[PDB]
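Here is the structure we will look at.
Basis: the model, the stated rules and, where named, an outside source; these are not laboratory values. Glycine also receives a Cβ, built like all others from the backbone with ideal geometry; neighbour counts cover every protein chain displayed.
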Amino acid sequence: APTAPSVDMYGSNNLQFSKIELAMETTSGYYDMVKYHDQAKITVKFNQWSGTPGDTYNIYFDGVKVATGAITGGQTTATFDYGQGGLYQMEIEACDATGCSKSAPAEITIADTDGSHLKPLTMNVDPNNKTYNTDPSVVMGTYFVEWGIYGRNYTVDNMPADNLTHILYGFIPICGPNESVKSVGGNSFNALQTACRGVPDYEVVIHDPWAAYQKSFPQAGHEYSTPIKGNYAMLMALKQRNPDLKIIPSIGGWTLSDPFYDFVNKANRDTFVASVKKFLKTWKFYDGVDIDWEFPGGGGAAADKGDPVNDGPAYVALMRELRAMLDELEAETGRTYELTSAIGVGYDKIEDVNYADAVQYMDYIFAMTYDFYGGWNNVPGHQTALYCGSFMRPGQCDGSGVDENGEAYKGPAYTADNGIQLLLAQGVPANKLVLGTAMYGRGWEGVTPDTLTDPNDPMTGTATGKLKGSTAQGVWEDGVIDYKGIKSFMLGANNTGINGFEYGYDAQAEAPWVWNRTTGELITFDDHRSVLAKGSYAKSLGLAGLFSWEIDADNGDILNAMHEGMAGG
Ligand SMILES: [Ca+2]
């Protein structure tokens, strides 16, 4: 036998390799930062000094031959392609006529974006999140937001994964027209422009690569040499821990929807869809695509856009082409891919798409059954109600009446059930709809008792302006408030009212509120009871399940209520 081969660790990159090179110390165009390879370029050096090195080498991973070549002297550098991620016990075998000598096994790491090379994530979940007899056939979705790792300080390991089947990662931008991104203020529009340099219009990109894959997370064991970090490496590890959990990219949303309005041009769709396939090939932990176009026909962040005539068909065509692309990805990988979309449920949003035509391609519609009322104006109302509250005027629920300035109503009122029914009437199968629960409140200030026309119902009053508060109370933007912030700063431990706030519940609409008679502060939100009503309603209608916006704002209560209201028959 030859001399035993000896592995030069330094000359073998310390046996660490990766299918994806990721810029770690700069912010640039998407393709200056992200380079993917189907075959990792593996390089192993070994030494057989002042001895008999033999004629040929073989390299095994877990006893399986992956590489072979000739030996010439005491220094052999072996290169070769490997296309599957993982950890492997690697062995070097030198052979010649008289037999074969081996190195001692050493662990080689081939990183890939499926997490195949990672140990299951170490969770750090608030224990208020209870343990449940999960039913894997019911949808329990939620949104996790890329920027929530900053001030909100809520990271992938805080997610109650065991109580989720569906994680929607918000949000993936589309390069092109994005004037809406500017009202978000800050660095946001500039971050987009940087990521889209060298990127053709209507291609998807990562908006914040620092959060996505750059930030070193200690609890995830990240270090300087670590080839993938940030949120994505954590989601990858999370798939190893929870393999059946669907993690799906969410494209668009409120401020990143502007480019969807050009998808009336099929060539822009062709470029988009293709970029979505490369995205999913590049980022293998994702399980499909969710389209959050707000909204065909208009009505979203851009007062500027919206085509009620042509947007609907563009969206149907997009779902077909996205479905057909995912079909051929399923053929290439053997995986199953899901296609979903979050939609408005006001009647004026719903009528702009023939969801019967598009649903044939989709797995789930996430019905955004919330933001019915809020601080953009001074009309109190249930923002996330199952049914129409008593504060609504006659013929206002169904849109048959006229408003309090004698003007007529143009469609049914903003409730979840008005929304669902309109979708069922359209032909959408009930077992593809997912009902939305809020994990935040919307609220006003200055709804003093004396603004009320019905003294039992502050939803009957008038506001002076948006709710105000601090970051620490969960108020990240005026007139909006995390549920956990409502819990600990307005509800209290017994849910009976603290710091001047009362509790109330509109049993007819299935909608809670908290109300401060003195400040006139009014908050509408989803609570334990109201989510229970949504569970019952979902079951009664054969709805696929429930989903929530946004997980960082929950404290446990809402997701708990979601499981409990879904339990049983
Ligand atoms: Ca419309």
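If you go through the range 433-457 and keep only what is surrounded by fewer than 18 Cβ atoms within 10 Å (Cβ to Cβ) and either among the aromatic types (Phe, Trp, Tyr) or in a helix (DSSP H, G or I) (or both), you end up with 449, 450, 451. Checking the structure you have, find out if any residue of the range 418-426 is crowded, with 24+ Cβ neighbours inside 10 Å and more than 32 Å from the chain's Cα centre (by Cα). For the range 418-426, residues crowded, with 24+ Cβ neighbours inside 10 Å and more than 32 Å from the chain's Cα centre (by Cα): absent.
Out of all the residues in the range 40-62, is one or more within 30 Å of residue 192 (Cα to Cα), touching a strand residue (DSSP E or B) at 6+ places or on another chain (Cβ under 6 Å) and not basic (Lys, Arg)? Yes - at least one qualifying residue is present in the range 40-62. Selection over the range 458-502 of residues that are out of contact with any strand residue (DSSP E or B) (no Cβ under 7 Å at 6 or more places or on another chain), part of a loop (DSSP other than H, G, I, E, B) and among the polar types (S, T, N, Q) gives a count of 4. For the range 228-236, does any single residue satisfy the condition of being small (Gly, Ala, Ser) and over 30 Å from residue 265 (Cα atoms)? Yes, because at least one residue in the range 228-236 is small (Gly, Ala, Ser) and over 30 Å from residue 265 (Cα atoms). Return yes when residue 99 is under 22 Å from residue 480 (Cβ atoms), over 18 Å from the mean Cα position of the chain (by Cα), surrounded by fewer than 21 Cβ atoms within 10 Å (Cβ to Cβ) and not polar (S, T, N, Q) and no when it is not. No, not satisfied. The numbered conditions (1) touching a residue at least 60 places away in the same chain (Cβ under 8 Å); (2) closer than 22 Å to residue 325 by Cα; (3) of a type in the set (S, T, N, Q) are all true for residue 219 except (2). Out of 312, 300, 389, report the one residue that is within 16 Å of the ligand (Cβ to nearest atom) and surrounded by 21 or more Cβ atoms within 10 Å (Cβ to Cβ). Within the list 312, 300, 389, the selection yields 300. Contact map, the range 399-413: residues that are in the same structural domain as residue 351 (by TED's automatic domain parsing) and loosely packed, with under 10 Cβ neighbours inside 10 Å paired with residues that are of a type outside the set (A, V, I, L, M, F, W, C) and not in a loop (DSSP other than H, G, I, E, B), Cβ distance under 9 Å, separation 6+ or inter-chain. Pairs shown: 410/347; 410/348. Among the residues of the range 278-297, those identified as within 16 Å of the ligand (Cβ to nearest atom) and either in a strand (DSSP E or B) or within 22 Å of the chain's Cα centre (by Cα) (or both) are 293, 294, 295, 296. Residue 339 satisfies every condition listed in (1) within 22 Å of the chain's Cα centre (by Cα); (2) among the aliphatic types (A, V, I, L, M); (3) within 16 Å of the ligand (Cβ to nearest atom) except (3).
In the range 342-357, which residue that is hydrophobic (A, V, I, L, M, F, W, C) and away from the ligand (no atom under 14 Å from the Cβ) is farthest from the chain's Cα centre (by Cα)? It would help to see each step written out before you state the result.
First, pick out the residues of the range 342-357 that are hydrophobic (A, V, I, L, M, F, W, C): 342-343, 345, 350, 353, 356.
Still in the running and away from the ligand (no atom under 14 Å from the Cβ): 342, 356.
Numbers: 342: 11, 356: 25 Å.
Applying the filter and picking the extreme gives 356.
Taking residues in the range 277-305 that are within 17 Å of residue 206 (Cβ to Cβ) and acidic (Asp, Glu), and partners anywhere that are away from the ligand (no atom under 13 Å from the Cβ) and part of a loop (DSSP other than H, G, I, E, B), the pairs with Cβ atoms closer than 8 Å and at least 6 places apart or on different chains are 292/253; 292/257.
Could you list all residues from the range 414-456 that are of a type in the set (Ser, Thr, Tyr) and touching a residue at least 12 places away in the same chain (Cβ under 8 Å)? Reasoning before the result, please.
Initial filter on the range 414-456 (of a type in the set (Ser, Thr, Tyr)): 414-415, 437, 440, 448, 451, 453.
Matches in the range 414-456: 414, 415, 437, 440, 448, 451.
Among the residues of the range 458-479, those identified as touching a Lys or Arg at 6+ places or on another chain (Cβ under 9 Å) and on the phi > 0 side of the Ramachandran plot are 474, 479.
In the set 356, 342, 324, which member is within 16 Å of residue 420 (Cα to Cα), in the same structural domain as residue 399 (by TED's automatic domain parsing) and in a helix (DSSP H, G or I)?
On the way: 342 fails: in a helix (DSSP H, G or I); 324 fails: within 16 Å of residue 420 (Cα to Cα).
Testing whether each residue is within 16 Å of residue 420 (Cα to Cα), in the same structural domain as residue 399 (by TED's automatic domain parsing) and in a helix (DSSP H, G or I) leaves just 356.
When only residues in the range 149-162 that are within 18 Å of residue 237 (Cβ to Cβ) and not aliphatic (A, V, I, L, M) count, which is surrounded by the fewest Cβ atoms within 10 Å (Cβ to Cβ)? Steps first, answer last, please.
Quick first cut of the range 149-162, residues within 18 Å of residue 237 (Cβ to Cβ) only: 149, 154-162.
Adding the requirement that they be not aliphatic (A, V, I, L, M) leaves 154-155, 157-158, 160, 162.
Working: 154: 19, 155: 20, 157: 18, 158: 19, 160: 23, 162: 14.
So the residue we want is 162.
Answer with yes or no whether residue 256 is assigned to a helix (DSSP H, G or I) and away from the ligand (no atom under 16 Å from the Cβ). Taking the combined requirement at face value, the residue does not satisfy it. Do the conditions hold for residue 384, that is, is it touching a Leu at 6+ places or on another chain (Cβ under 8 Å), away from the ligand (no atom under 16 Å from the Cβ), assigned by TED's automatic domain parsing to the domain that holds residue 326 and in contact (Cβ under 8 Å) with a residue 12 or more places away in the chain? It is false that residue 384 is touching a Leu at 6+ places or on another chain (Cβ under 8 Å), away from the ligand (no atom under 16 Å from the Cβ), assigned by TED's automatic domain parsing to the domain that holds residue 326 and in contact (Cβ under 8 Å) with a residue 12 or more places away in the chain.
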